[PDB]
Every structure is written in C-alpha cells, then in structure tokens.
Amino acid sequence: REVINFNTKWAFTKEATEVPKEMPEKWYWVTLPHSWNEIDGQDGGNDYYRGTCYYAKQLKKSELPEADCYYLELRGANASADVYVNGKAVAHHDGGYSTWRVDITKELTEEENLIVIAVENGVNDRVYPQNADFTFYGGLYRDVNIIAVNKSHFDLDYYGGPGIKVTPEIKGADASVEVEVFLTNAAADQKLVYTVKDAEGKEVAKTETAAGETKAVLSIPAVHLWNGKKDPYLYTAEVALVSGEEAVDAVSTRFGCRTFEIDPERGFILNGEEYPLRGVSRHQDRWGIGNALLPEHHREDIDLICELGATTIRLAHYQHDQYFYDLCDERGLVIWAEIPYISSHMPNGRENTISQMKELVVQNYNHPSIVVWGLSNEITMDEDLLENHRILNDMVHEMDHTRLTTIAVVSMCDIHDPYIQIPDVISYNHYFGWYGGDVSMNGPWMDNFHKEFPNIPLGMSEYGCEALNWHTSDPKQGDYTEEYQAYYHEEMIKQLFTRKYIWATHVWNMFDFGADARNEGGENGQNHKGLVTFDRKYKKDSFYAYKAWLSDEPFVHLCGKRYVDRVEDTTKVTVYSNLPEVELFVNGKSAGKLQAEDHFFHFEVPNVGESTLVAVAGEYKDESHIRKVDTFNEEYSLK
Amino acid sequence: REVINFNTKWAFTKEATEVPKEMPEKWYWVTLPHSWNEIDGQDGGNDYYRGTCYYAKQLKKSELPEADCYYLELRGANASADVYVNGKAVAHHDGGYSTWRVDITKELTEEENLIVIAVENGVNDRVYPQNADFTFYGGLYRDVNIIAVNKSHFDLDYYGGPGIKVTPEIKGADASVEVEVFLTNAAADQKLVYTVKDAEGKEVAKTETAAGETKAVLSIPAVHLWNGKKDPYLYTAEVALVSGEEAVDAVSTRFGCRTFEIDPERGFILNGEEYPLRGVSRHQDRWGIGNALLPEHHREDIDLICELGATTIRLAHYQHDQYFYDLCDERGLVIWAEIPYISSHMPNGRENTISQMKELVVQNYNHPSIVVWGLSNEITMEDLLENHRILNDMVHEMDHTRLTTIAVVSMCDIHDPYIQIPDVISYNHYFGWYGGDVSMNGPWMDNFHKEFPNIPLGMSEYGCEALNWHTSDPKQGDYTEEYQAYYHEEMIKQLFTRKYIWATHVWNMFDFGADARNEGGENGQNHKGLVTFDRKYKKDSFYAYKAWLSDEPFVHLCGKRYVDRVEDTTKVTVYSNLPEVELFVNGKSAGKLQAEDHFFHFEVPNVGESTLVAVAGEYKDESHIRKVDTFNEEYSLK
Amino acid sequence: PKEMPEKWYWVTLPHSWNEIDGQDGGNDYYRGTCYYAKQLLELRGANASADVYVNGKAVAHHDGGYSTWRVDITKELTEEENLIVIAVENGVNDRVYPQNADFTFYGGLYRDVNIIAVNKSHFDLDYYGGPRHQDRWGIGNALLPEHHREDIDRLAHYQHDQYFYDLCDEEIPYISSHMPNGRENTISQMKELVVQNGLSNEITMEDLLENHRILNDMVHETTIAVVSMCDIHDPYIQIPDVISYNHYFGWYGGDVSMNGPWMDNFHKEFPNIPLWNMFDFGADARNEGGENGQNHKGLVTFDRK
Ligand SMILES: Cc1cc2nc3c(=O)[nH]c(=O)nc-3n(C[C@H](O)[C@H](O)[C@H](O)COP(=O)(O)O)c2cc1C
Ligand SMILES: Cc1cc2nc3c(=O)[nH]c(=O)nc-3n(C[C@H](O)[C@H](O)[C@H](O)COP(=O)(O)O)c2cc1C
Ligand SMILES: Cc1cc2nc3c(=O)[nH]c(=O)nc-3n(C[C@H](O)[C@H](O)[C@H](O)COP(=O)(O)O)c2cc1C
Ligand SMILES: [Ca+2]
Ligand SMILES: [Ca+2]
Ligand SMILES: [Ca+2]
C-alpha cells in the first residue's frame, strides 16, 4: 500500500462555467492546503465568497506505482464537493470536516487523466454548519492523496475510516486489546496477521486468523497506561492481509490504554485517579491562510497549549485534522470532539448530522485523547430537535461503548429543558462579565445547577472575554482592553479551578479566530476572545494567568508591557508566576515582595518619568517599562 | 436491449434519518410516478414539505434477464437525488426535470440488492428553480427503469441522452439525414447498421459502416416534410451494433424533416410558408396527483390543446416528459422548451443552468416539434449577462438547427443589455390583469417593434385569473369567468392581427399548482388557465380561442354557470367559427348576428326561467337563465 | 527630447522608415522605436504601437497600427510653441497583432496626422476613433490618395484607410499563430475596426476558441479565412456567421485540379455554412524568385506598371 501526496499545483478558479475538458491554462495555481476565503473571510462584512469553485489537476499513470486500485482520498473539502475523472462524476460528499475517498481505478482510461474537484460552501437548509460565529472557509484546505492498493485490501470505503478499530480493556495490571479490521474483496484463503508494538517499536503480542475472522484479542501484560500528561504512552496496532506468504495490504494505528469516569461530584477521573480537566478550545484556522493549515501550524498550536499547561482541549465546532488528534494523543491531552450541529436546528439538516457524526466516530475511535462526543453546540438559540438528539445519542452509544456523549448549552437555555437530560454529560457556555452581567455570577450559577441536578456531570464548555491592543487603568466590561480580559480570567480561574465538581472547563478560546460577520473591537472579521492572537505571535496577559495555575515550568511574567504611558502617579503592576514569592524593582530599587497563593501578584508602583520594571522570583526575571504622562494616550482607547 | 419497468411498490418516508440497511417494513407504499407534494403543494400557505425523502426497493437478480450491464434510469427526480445500491452511493444528480442514468452492475452482489433513492427539494442557492410561481413538487414523479444492455452498447452515460443524434438537412424535393451515434465499450471488429423507415415502417435508407465510423448520412428520396398540423410526418432512424452476424444492441428515434425561420416582420415561417404560432403554455401537473403524471394525462392535455387548435406550446418552465414532446412531434405542434432559470439570478447557480441546458438539448435534440430553446424567464424580476452569454454560446455550439429565446418580465426596460443576447425574445405582459388596462398590450408591442425592428418579438405570457365567480359588470379583480373572457377577446383582437409577433402563448392552458398563492377564493392554485386544474371544465375563454383557431365547426354559449341574473335585459356571448348565429329565448328569436371576430354579443330579455338556444347552420348550443330580485352572492367572491 | 531637434532627418507624412529595407529581402527591415518631433490630435495610421508626448508628458498610447485614434490635447498646449513627440514602435512581442504573417510591418506615421478644432460640446471624438494590400514599391505603406485610385482602377489583413473604403463605396490582423497574451489587442482592434467603419486569417497554422467567441459576441452585439490544411470539423469553424478557405493547390505542391473537388467535399459536409493577390506586395522575409523581398502571387507588379 502506497500513499501518494497529491497537493502540488492545482488549477483553481471561482468563475468557471463548466467542468473543463482540458487542463486549464489561465486559472490560478494553488498548492493544497488551500482555502479561497483566507483573506475575505477574516476581515469583516460577512461577505466572504460562498459558492462553487473548481480545482483541476492531471493524473499521469507514468507517475503512479503499479497497483490494482487507485483511490482519491480527501482529508477536508469544505463544505460539499463533487469529483470528476475525465469528465465523469464519481463522487459527491457533504461535510467539510471529514475524510472521504473514492475508487477511481475504472476512470483512469488515459495516460493523462483530468481530475476535477468542485467544492461549494453556499447557503442551504441541509448541510451543517449554516448559522455560527465562524467563517465557513471554502476549499481543499486539507491534504488530497492517492492510495494505491492491491485488489484485496483493508476497507477504504466505509465513511473515510482507517479500516482498523482498536478497543482496549484494562484488567488489573494487564490489558485486553480487541483489534477489528474491515476488508474489501478479500479471499477466504487469505490470512490476517495482528501485531501490537511497544513505544519503541518492539513487538509485544501477535496473533493470526483467516481473513473470514476479522477480529482478534491480543494480550498486553504489564500494560503502560495512557495516563494523560503524566505518561502519554502509546502502543501501535498493525494488521496485514496476507496471501500465501506475502503481505498484500497492511493498516496500522496507534492507541492508548486507559479508563476514565466523569463523576458528578469529583469531576474527571483518569485510570482511577482524579485528573482535573482545565483547558481551552481551539479553532483550526490561522491569520492569513484561512483554515489551510500545515503540520507545523498544528504543532505550534499544541506547543502553545502545552506551554499554558491545559489538560484538556475542546475541539470546537467540528472534526479537526487527524494530525492534530495524533498530537493530542502523543502529548497526553484529554479531548472533546464534536460535529457542527450548531446554533439553530435545521429540520432538513438531520441526515447530515447523522452522516457527520458517523464519520466523526468511525474516523476517530482509535484516538485515546478523546473521551466525549459532542452532539451539538447551543442548539436552542422542540420535538424535532429532541428526536435529532435521541437518534445521535443512541447511534453514538451504539457505535462506541467506551466514551460518553455531551452537549454545549447556550447561556440562556432553561436548566429544566428536556434535551439537557439526553446526553451522558453536559456543559454550559457562559459569558457573565462579558455579554452583560458580572464575572462573579459564574461560580454561583454553576453551584445552583449543581444543586438542582446533583447527578448530571456539569462542565464549562465556553467562557471568555474579548481583548485587543487597548489599555486602561480602569478596566471595564466592553473597553476591550488587555487589562479587563486579564481581570476576567483571574476571577474565572478563582471560581472555576476551585470547584472540583466542574468536570471540564474550556476557555473560549485559545486563539483569536476568523469570523467574517464580526465587526467590533477595532479589528473586524475576528473573534478576539483568544488568549493568543490570530497569528500566534502574541500571548496576551490572560495567557499567563492560566500558565501560572497549570504549568510546572517556572516563570515570572510582567503584565501590561504594552500599556506604557500612564497618567496616574501610582500605578498597578500585576505579575503572574507559579513561584511562591515575587519582588518588583523600579529603576533598580525594590518596591517590595509579595506572596500570592493564587499566583496573582498585584503591586502598586510609583510612576515618575520613565521607569524600568523588573520582577524577580528565585532565578527567574521579567522586564517592562512605563512612563508618566499628563493626559491619557488616546491610542490606548478604542473610542 | 431490454427496458424493465421499476415503478412498482417503493417504500417511502419523509423522515430522512439514515439510509436503511434492510428493506423497511413500516414506511408508506407508493408506485411511481409519485410526488409527496400532491396535496400539500396544491392548497395554499406556501407550506408544502420541502426536505429529503427516501425511496427503498429491492432489486432481485433472478427477475432480471441476463445481460452484461444494468443501468438505473431515472426520468425525473425533483429536485436533487442520491442513489445507493446496498448502502453504497453510486450517483448524485441536481435537476428535477431531466433524465440521468448510472451503471450499477458492479454493486449487484447480493441476490436481493437494496436500492435507496434519496430525493431532496429544499431551499438552497445553487439549484434552480428556487424562486417561481409554481410548486417544486418533490419526488420520483416520473418513471424509473432498469436498462439491461450488452458490454458494448450505445452510450447511456452522456447527460441522459438517447445515444443517437439525427440531423435532417433539406434541399429540393429530397432530404439528406445525418445520423450520429455514440458507443460505449465497442470493439473494432463490430459494425453499425443504420436504417431510415417510412411512416408505414418501410425501409427508405440503409447503409453499413464499422463501429469506428459513428456518423452516417442517409438520403430520403421525395421526402415528406414535417409540416406542423397540416402533415406531422415522422420518419424513424435506427442503428444496430452488430458483432459478426448478430445485432447485440440497437437504439432508435423518430425525427422530422423541416426548415423554419423566425422573420422579424413576417413572423414564424415553416418550410418556406408563413405558419403563425398562436397558442398556450402548459405546466406538467394535475389536481390531486401533483406532477406524478401518467401517459393518459399527457394525452388528455394535448387533446385539449388540439381541440382548442393551438399551433404552439410553450413548455414552461423546465424540461417536460419525453412522452409529451413525442406527442408534440406526432400532432405537429411547434414547441418552446426552456430550463428553470427563473425570477432571480443566483450567483452560485451558474453550474446548474449549464447542466440543465446540456441535458435539455442532448435529450431533446431529435424532437422536430422543438424550434427554440429558452435560456431564462423573468430573470431580472453583469454576472447575469455572462451567464446568458455562456448559455447562448453553448446552445448555438451544440445545436446549429434551432434559435435561442428568452421570456422577459413585464417592467423590464426594453433597452436592457440582456435582450440583445438571444436570437429572439418574448415578453410576459399582464396589462388588464396585474394593473393597467387590456388595451395597452398591442400598442406596447408596437413600440418594441418600432424600437427594435429586427429582433423577432413574441408574447411569452399573458393571462387573467378566473374561477366560478360571475357578474354582469366584468372588472379586473373580480376573478369572474366573464372578465377573463372579455380580456381574452381583446387580447386575441390585438395579438392575432399583428403578423410580426412571432409567437403568442396564453398563460396558461390549465390552472396549476402554486402553493404560495392565496387568492381568488381557492388557495394553492394559479387560476389563469383556460381549463380547470382537474381538466374537467373548459372556461368560456377556451372557446374564444377555439373560434379563431379550430376548423371543427361549433357554437358555444357563454355564461352557462351564470344562471341567476338581476337585470331585465342581459348580455349573452356566443363564440363560433361559423359566420352567423341566431339566438332564441324560450323559442323566440332574440336576434341574428354575423361577427367577423367570432365574438357574438347578444342582449336578451330575462323573464322567468328561460332556455337559450344558439344556432349556426346545423350546430347548436344550449343554456339556461333565471330572473331574480337580488344578486346571487354565491356568484360573488367578496 | 526637451527641445525641437536640429540634426534629425526631415520627413513629411505619410512616412514609413521601412519604404526600402522592407521591400528587398532578408527579413532585416529596421524594427524598433523611432521618434517624430514637431512644434505646434488625431492619428490615422501609427504602426504599430505609439506614445504621444506634449511638452514632455505622455497623453496617449495606442496598440494597433491600422486604425484611427485621437487624444484631447487642449490642456497640454500651454505655451505658444508646443513640442509634440510621437514614439512609434514596430518590434517583436507576444501581444500586438500582427506578429507572424507574410507582409512587412512597415513602421511609422504612414497615414495622415491632423489636428481637429472642435466646439466644446461636440460630436464625440474619444470612443475608439469613431466617426489587396495597402503598400506600393518605393514608399512602403506611405500611400497617397493618388495611389488608392490607381489601385481601385478582399482587404486583408487589417483595417485599410478610410478614403479607400470610399473608393469601394463609390478584418483585423489576427493572423497565423494564436497569441494568448494578444487577446486584448484583437478586442481593441476589433472595436476600432467596426466602430469607425473578418475575425482571423489562417489562425490554426480552447483559449483560441474563447478568443473567437469573445470577438463574435462583441461584434454581433462574421467570417474567418481558414488555412488550407485545417480540419473541416475543427470546432472554431462553427463560430462565425460564414467561412472561406485559402488554397494553393498546384503551387505549394500538388495539382490545380484538387481545388474544385476539394470545396465540393466541404459543401457536402456542412450544407448550412456558406463556403490573392491583386498586386505584388512587400514581404521582406521572402527570398524566392530571383527578386527577393516581394510576394509575387500578384497579377500586377509592385510598381503597378
Ligand atoms: C468505530 C467503528 C468503525 C467501523 N469501521 C468500519 C469499516 O471500516 N468498514 C465496515 O465495513 N464497517 C465498519 N464498522 C461497522 C459499522 O458500524 C456497521 O456497518 C453498522 O452495522 C452500520 O451502521 P452505521 O451506519 O451506524 O455505521 C465500524 C464500526 C465502528 C463502531
Ligand atoms: C445532441 C447531441 C447528443 C450528443 N450525444 C453524445 C453521446 O451520447 N455520447 C457522447 O460521448 N457525446 C455526445 N455528444 C457530444 C460530443 O460527442 C462531444 O463533443 C463530446 O463527446 C463531449 O464533449 P463535452 O465536453 O461537451 O461533454 C452529443 C452532442 C450533441 C449535440
Ligand atoms: C458604432 C458605435 C459608436 C459609438 N460611439 C460612441 C461615441 O462616440 N461616444 C460615446 O460616448 N459612446 C459611443 N458608443 C457607446 C455605446 O453605448 C457603447 O458601445 C456601450 O454601450 C458601452 O461602452 P463601453 O465599452 O465603454 O462600456 C458607440 C457605440 C457604437 C456601437
Ligand atoms: Ca470579509
Ligand atoms: Ca399548502
Ligand atoms: Ca530588407
């Protein structure tokens, strides 16, 4: 089995009449990943181009390895797509976030075969998402491959799945691992060789069956538990399809061995031990390239999230890339995965909810980082809606006996609504202190639901506050300053991180992200609730509030480095640190030492002329600068 | 080559959760043709179910004659459809009105294969129609067939087309007919036997070539031209694919030999002679069954149109059934066919205009009745202009034998750029119904013909609503049968007298389904027909046209449903294509009229209960009236 | 040049600098940018590309050496003595037709250059200059009225001069090899040709189709001349209103006889589409026949004697 990368140099256009019959010569050249909304869907106006665009590329047999079948594999085509080979339609897919594939062997009738993929992200009542606070970036924004396999091969046709399904059971110190496999055009005389490998590639179990027996149970004695950030230990499972003495096809996947519970009072439990889930959410886009993300972009996002110290990520609002989920498995992050069943129940969207959720579970069952499947987000923003949830919830329980269902509930929805009783666990999306109200309401709002429903495990799946490069010494809801967002998250941390019954918390959001309908805060087309800016270059102060509570990397961080000119004669200077004591020095002389148990060191500092600020904790330091002015620098003010 | 009927007993549901793995047991049974909008799309409130529906049926290999390939053929799935064979997707189609086919041989692996067809007619920005005055009836509303063929066979995969393209050219008393054919998996050592046959089935031309030479030009000595209603003569081309001495596949099509012009001053011309196109439009639906029309329904519609004597039908607003177009060929009607590029240009809609026009032309090229392809209807009600330049060039590229046209909304400025694109244009004017006055129509047409003396100008729509309301004082907006008849009397006098109007089309021949309509006292219908929705009642306006267009002699008494009348002396209209009519009231002559325009306007004493007899030669009609003190408010909508 | 030149060569329009070296062989006629300077605007013939400068400032540029173009100058005439400079260029590029053809691309202001004095409100001047070969031995394309009349006593491959159509009263140079970046020039020269008064010649010696479709739609809102060996079922033949072929059977090999027969076969094939040179003319690449520099498929000599 060979995987050919197929991303290089497609002809692209937005204004093409019909499927072209010859390779276009005046189209725009893109190399996938590509989204055509990389600029117009990150800048405001809710006007990013939505419509059908064409990608065209020639497939030459002289470059393909010799093989019985060739499959076109699409990792991401947002939102709907059709595939033509030498002009004939061979495939249609609805769902911008999952892998789908098609056997194109029969249509490769020429030495040069025109491969045309039409991709559409228009408005309709059928394909989720339609109503949501993010840009539906159109395009082939994930890899396109060609898969060359033998006539008998592991299934490439079942909902974009890998063709292998690993299910570990923990029994004391050992593990029982069921490995199931799915075959296309297999012969009764072929064998299946199942192997499990160690983190160092060392074989630790091996068994064989006839091809008609597509399950096997392998034992792993003295199992290394996947145990989160403490030890994200991963095994590999391999199954080869063997004709006589030779492997004609092989599939593999990594997996981790763990149990968990979501206890309504003790919160998240992992392998029998309490394992608090304190984290963030992440969209799969980035400034300048839309959602056309490279592997290094996925690695940077998770590096920054690891540096903050999050033990969980909510991967809203749709299926992310396989490489990002692998990264979570490798790094020990606990993951919430969901489908874009969002904001507003579309009666005609029901088929597509089913479809996307099947692809979500089938394609991601093997990732040990995932513990919950999310059915919908804020879906109540009614009987048909309830039936859609029953069906999704029973299908997920049908397909996956080892994970729990959840929803993300909109702030205002009555806690006695019937759909809250449907999934195994729930979380709420609250913005008290940002969309009105006050940051102190969150804690008690959660306590009151907990009182009403003591057996429903309750998390916080969204909470957050907007912040851009604006500054103040009087932080207030709606000035959009870095300082108010810092205060907000300090207060959420204090309320949320001390309530063990909150099973998972997810800052909305880890990064600023694309939302073309947003036109607020001084910079349009973006939600700026991030802890880090859209291009990943600037960690806002609120990022270090969380690092001070969740990371064991010793550091000391000076807040307000961008708020330089201050009117006040004595100015507040906040330091965040996971060390026990910080000393602040103003132009070289101590303004005192503090010991903040909640890691929030609030100093008061004379502001005369220009001053250099140095904060010192053990052997770690940070530096900033302020200066005294008579009038407020109107460049700090959004108004 | 065997075509098997596959309409029989599908399981059907409106709840589109998932494609069922096994044949269902508590869905609803339907035999195609079928639309789920047959009731909720004909009754008002714009609320008919739009969404995804499932059809499920078992295909059993034993019941299939043996063959190398099996194609599923769908004649109509409205609007967008996906086909599954044993849970595997094998085709997708957008376009409620055209034939599409898929090879499914490779998926017939069980002895009982589960066919599932998902059909969707919801709201989107991509598939036409989305904005129009008619119900987008969801479903498998035309035949589904299994087509079993030999490994080598005429093309079944190209835009649903027949596999055989027939172009007659004429010069002098003879005809020359090019027959082109398209093959799938043919082998070099195979032959093509082409034949042309008489109306009586006698061979008139024959020739053999090798499977590689897929075009042939056969000659018809002393050809009988297809000449409209006067002689709708059809030949039949057949081509067989032969392996050795054995025909392994054959296709065929009827065709007609005819030339025509659309002269900007002389109007329509057919085989050199002026041939005026005065007629009607026709929607493909019927009260009670939606668009799930049977062949008997197509036959009755065309009978009623022939009885009226139309020489043309505008088959709005989309591709019609092949069987209806065949009737049109057989009866010598001259057809306008069009795609549902309608009301409002969708920027995301370009691709679907292209696909529907390709299918329209590929599947209907052989129909001699068809003279014009319609690009759009009221589309203005720059991306638009490009969209029309693409359609216009593509049709002109595909069909060198027919002209392009459009239907222009009423208020559209006559200098607008898009009017310059097609070969010919027509307007939809409703002066005298949607405001205005009926006298405006002819002069408006005169202005355009002055302003643009060489763009052939037709009237693609005009009409007036009518239900079972009556009055002795017809006014626009009373929805009375009497006002509609007056409107049509005046439109005939204005339109039928202007030779330069190349085609007139009454909107509409029949009342039809429009679920957003909520007026005239019966919601869910456009009541502008000459004939009611169940085809059971000919409104009086039907006869005003018949008197001008039919050669069957008749006399028709208007107002039969207006019995109770208050006035001592009442107006009684007779339509007849005979020169002279005498009308009798209780056996007493109330007057003798000759009317050149066939509209016999009598006045009559109204006393007691009276019986009316209209007499022209040996032809009579009969009606009854009654004198009443007060108006019968049952005759009144308000 | 800032000042009116002193040592340049004086010429009086019409003028081409290829009057001699473009009629004598070797395909070496001077092709490049040349300058005309005058003290003091409409140009009837500036082959092939030109820039007008008034007191030192560009005021108009034109590509197309066969059609009229004007530029309002009223505001640049700022002194009593105004230096008008016209740079004319007939070089090689992939953009301005013609580039490949059997005739000399005689450079210069080979037709009149007038000044038009107009009332402010006026019949318009600025919409594309709107209201046999054109050369002779010894003077290139710098023909005088007398040379038109003597010729009168098919106007390929370009717009001829207004006065000559008048002697007809009383096609663009889209020729030989299709130039992808030449699309705009065929458009501009077609808009010009039709406004102030043939789509292609031998252009096959899909982007090409798109170019024809663009031209045909713009003029209609038509004909081509087809190279001999072209394929009668080529898609582009079904684009214009009518077509005509060019055949040299019996000269470029073969026999005179194949011609009659040949056009018959076409007519049978396409029953619905209706199916050189008067004088010798200048073709500097021609090095055949003992007299190099002329195509001698002419009935009359180059000097019309
Ligand atoms: C995680 C997972 C992966 C699966 N992968 C495959 C597969 O690759 N090929 C296959 O034929 N069946 C696969 N199955 C089996 C299907 O679930 C099975 O066809 C089921 O009966 C169909 O129901 P569904 O439409 O809800 O998936 C998989 C099941 C699960 C839970
Ligand atoms: C009326 C008509 C019917 C046609 N039927 C077929 C056909 O059945 N099979 C086919 O391959 N091409 C058919 N063609 C078109 C030509 O063969 C066409 O140039 C080519 O096959 C595909 O061109 P495309 O890119 O437009 O699809 C048909 C064309 C016309 C005008
Ligand atoms: C033969 C002809 C001559 C024209 N002459 C002029 C003109 O002299 N001045 C003018 O403003 N428009 C003139 N037009 C303007 C037309 O309106 C023009 O073709 C079109 O409407 C828009 O022009 P555009 O190319 O600038 O978009 C002329 C049009 C034609 C067909
Ligand atoms: Ca935008
Ligand atoms: Ca209704
Ligand atoms: Ca020379």
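Buried (at least 18 other Cβ atoms within 10 Å of the Cβ) and over 22 Å from the mean Cα position of the chain (by Cα) - does that describe any residue in region A:400-421?
Yes: one or more hits.
Give me the residue from region B:420-444 that is among the aliphatic types (A, V, I, L, M) and in contact with a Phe, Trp or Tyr (Cβ under 8 Å, 6 or more places away or on another chain) and, out of that set, farthest from the other protein chains (Cβ to nearest Cβ).
Ranking the qualifying residues of region B:420-444, first place goes to B:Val438.
Can you confirm whether C:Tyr30 is farther than 28 Å from C:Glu3 by Cβ and among the aromatic types (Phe, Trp, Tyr)?
no
For region B:519-572, name all the residues that are surrounded by 16 or more Cβ atoms within 10 Å (Cβ to Cβ) and aromatic (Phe, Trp, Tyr).
B:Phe533, B:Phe542, B:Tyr543, B:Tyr545, B:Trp548, B:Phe554, B:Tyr562
From the list B:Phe512, B:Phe496, B:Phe452, exactly one residue is of a type in the set (A, V, I, L, M, F, W, C), crowded, with 20+ Cβ neighbours inside 10 Å and away from ligand 1 (no atom under 16 Å from the Cβ). Which is it?
Exactly one of B:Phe512, B:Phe496, B:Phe452 is of a type in the set (A, V, I, L, M, F, W, C), crowded, with 20+ Cβ neighbours inside 10 Å and away from ligand 1 (no atom under 16 Å from the Cβ), namely B:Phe512.
Select, from A:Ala89, A:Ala118, the only residue that is in contact with a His (Cβ under 9 Å, 6 or more places away or on another chain) and within 16 Å of ligand 2 (Cβ to nearest atom).
A:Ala89
From the list A:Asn78, A:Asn131, A:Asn121, exactly one residue is within 16 Å of ligand 4 (Cβ to nearest atom) and either within 20 Å of the chain's Cα centre (by Cα) or within 14 Å of chain B (Cβ to nearest Cβ) (or both). Which is it?
Answer to the selection: A:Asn121.
When region B:96-108 is examined, which residues are found to be more than 10 Å from chain A (Cβ to nearest Cβ), over 23 Å from A:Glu120 (Cα atoms) and of a type outside the set (A, V, I, L, M)?
B:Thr99, B:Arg101, B:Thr105, B:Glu107
Restricting to region B:371-404, give me the number of residues that are more than 14 Å from chain A (Cβ to nearest Cβ) and closer than 18 Å to B:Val179 by Cα.
4
Here is a check on your reading of the model: is B:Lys165 outside the structural domain of B:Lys14 (by CATH) and crowded, with 18+ Cβ neighbours inside 10 Å?
So B:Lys165 passes the test.
Condition (residue is part of a loop (DSSP other than H, G, I, E, B), out of contact with any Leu (no Cβ under 6 Å at 6 or more places or on another chain), within 24 Å of C:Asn181 (Cβ to Cβ) and not polar (S, T, N, Q)) applied to region C:77-92: is it met by at least one residue?
The answer is yes, given that some residue of region C:77-92 is part of a loop (DSSP other than H, G, I, E, B), out of contact with any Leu (no Cβ under 6 Å at 6 or more places or on another chain), within 24 Å of C:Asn181 (Cβ to Cβ) and not polar (S, T, N, Q).
When you scan region B:615-638, how many residues do you find that are farther than 24 Å from B:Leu467 by Cα and assigned to a strand (DSSP E or B)?
4
Restricting the search to region C:172-197, which residues are part of a loop (DSSP other than H, G, I, E, B) and surrounded by fewer than 22 Cβ atoms within 10 Å (Cβ to Cβ)?
Scanning region C:172-197 gives C:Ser176, C:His178, C:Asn197.
Would you call B:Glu213 surrounded by fewer than 19 Cβ atoms within 10 Å (Cβ to Cβ), out of contact with any strand residue (DSSP E or B) (no Cβ under 6 Å at 6 or more places or on another chain) and within 14 Å of chain C (Cβ to nearest Cβ)?
It is true that B:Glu213 is surrounded by fewer than 19 Cβ atoms within 10 Å (Cβ to Cβ), out of contact with any strand residue (DSSP E or B) (no Cβ under 6 Å at 6 or more places or on another chain) and within 14 Å of chain C (Cβ to nearest Cβ).
Condition first: buried (at least 19 other Cβ atoms within 10 Å of the Cβ) and not in a helix (DSSP H, G or I). Now tell me which residues in region B:370-398 satisfy that.
Listed by number, the residues that qualify are B:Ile370, B:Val371, B:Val372, B:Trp373, B:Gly374, B:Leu375, B:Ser376, B:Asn377, B:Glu378, B:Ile379.
For C:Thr222, only one of the following conditions fails: (1) more than 14 Å from chain B (Cβ to nearest Cβ); (2) more than 26 Å from A:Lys21 (Cα to Cα). What is its number?
Result: C:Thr222 passes all but (1).
Of the numbered conditions (1) of a type in the set (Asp, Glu); (2) out of contact with any strand residue (DSSP E or B) (no Cβ under 6 Å at 6 or more places or on another chain); (3) surrounded by 17 or more Cβ atoms within 10 Å (Cβ to Cβ), B:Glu351 satisfies every one except a single condition; which is it?
For B:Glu351, the exception is condition (2).
Per-residue answers, yes or no, for (1) of a type outside the set (A, V, I, L, M); (2) under 23 Å from the mean Cα position of the chain (by Cα):
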{"residue": "B:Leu218", "(1), (2)": "no, no"}
{"residue": "B:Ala237", "(1), (2)": "no, no"}
{"residue": "B:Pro264", "(1), (2)": "yes, no"}
{"residue": "B:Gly272", "(1), (2)": "yes, no"}
{"residue": "B:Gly279", "(1), (2)": "yes, yes"}
{"residue": "B:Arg282", "(1), (2)": "yes, yes"}
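For region A:285-294, name all the residues that are within 14 Å of the chain's Cα centre (by Cα) and either closer than 19 Å to A:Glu338 by Cα or surrounded by fewer than 22 Cβ atoms within 10 Å (Cβ to Cβ) (or both).
Selection gives A:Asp285, A:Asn291.
More than 18 Å from A:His471 (Cα to Cα) and not small (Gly, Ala, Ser): does that describe A:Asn607?
no
Using the structure shown, decide if B:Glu307 is under 19 Å from B:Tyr141 (Cβ atoms) and surrounded by fewer than 22 Cβ atoms within 10 Å (Cβ to Cβ).
In short, no.
Only residues that are outside any loop (DSSP other than H, G, I, E, B) and among the basic types (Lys, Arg): list them for region A:512-540, please.
A:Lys539
Which members of region A:580-603 meet the condition of being surrounded by 13 or more Cβ atoms within 10 Å (Cβ to Cβ) and in a strand (DSSP E or B)?
A:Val582, A:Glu583, A:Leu584, A:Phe585, A:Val586, A:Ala591, A:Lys593, A:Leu594, A:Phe600, A:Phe601, A:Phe603
Looking at this structure, is A:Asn150 within 16 Å of ligand 1 (Cβ to nearest atom), more than 28 Å from the chain's Cα centre (by Cα), surrounded by fewer than 23 Cβ atoms within 10 Å (Cβ to Cβ) and not basic (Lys, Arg)?
No.
In region C:244-290, how many residues are outside any loop (DSSP other than H, G, I, E, B), within 16 Å of ligand 6 (Cβ to nearest atom) and in contact with a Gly (Cβ under 6 Å, 6 or more places away or on another chain)?
Final tally of qualifying residues: 1.
Which residues, counting only those in region B:20-71, are in contact with an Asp or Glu (Cβ under 9 Å, 6 or more places away or on another chain), within 16 Å of ligand 1 (Cβ to nearest atom) and within 26 Å of A:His345 (Cα to Cα)?
The one that is in contact with an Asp or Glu (Cβ under 9 Å, 6 or more places away or on another chain), within 16 Å of ligand 1 (Cβ to nearest atom) and within 26 Å of A:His345 (Cα to Cα): B:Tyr54.
When C:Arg95 is evaluated against the numbered criteria (1) within 24 Å of C:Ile20 (Cα to Cα); (2) basic (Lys, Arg); (3) surrounded by fewer than 19 Cβ atoms within 10 Å (Cβ to Cβ), which criterion, by number, is the only one it fails?
In the conditions (1) within 24 Å of C:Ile20 (Cα to Cα); (2) basic (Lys, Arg); (3) surrounded by fewer than 19 Cβ atoms within 10 Å (Cβ to Cβ), C:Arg95 misses (1) alone.
Mind counting the residues in region A:29-69 that are buried (at least 21 other Cβ atoms within 10 Å of the Cβ) and of a type in the set (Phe, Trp, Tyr)?
4
Those residues that are within 13 Å of another protein chain (Cβ to nearest Cβ) and either within 25 Å of B:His527 (Cβ to Cβ) or within 16 Å of ligand 5 (Cβ to nearest atom) (or both), I need them from region B:11-46; list them, please.
B:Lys14
Quick reminder, even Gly has a Cβ in these numbers, built from the backbone with ideal geometry, and neighbours come from all protein chains shown. What is reported rests on the model, the rules as stated and the sources as named; no laboratory instrument gave them.
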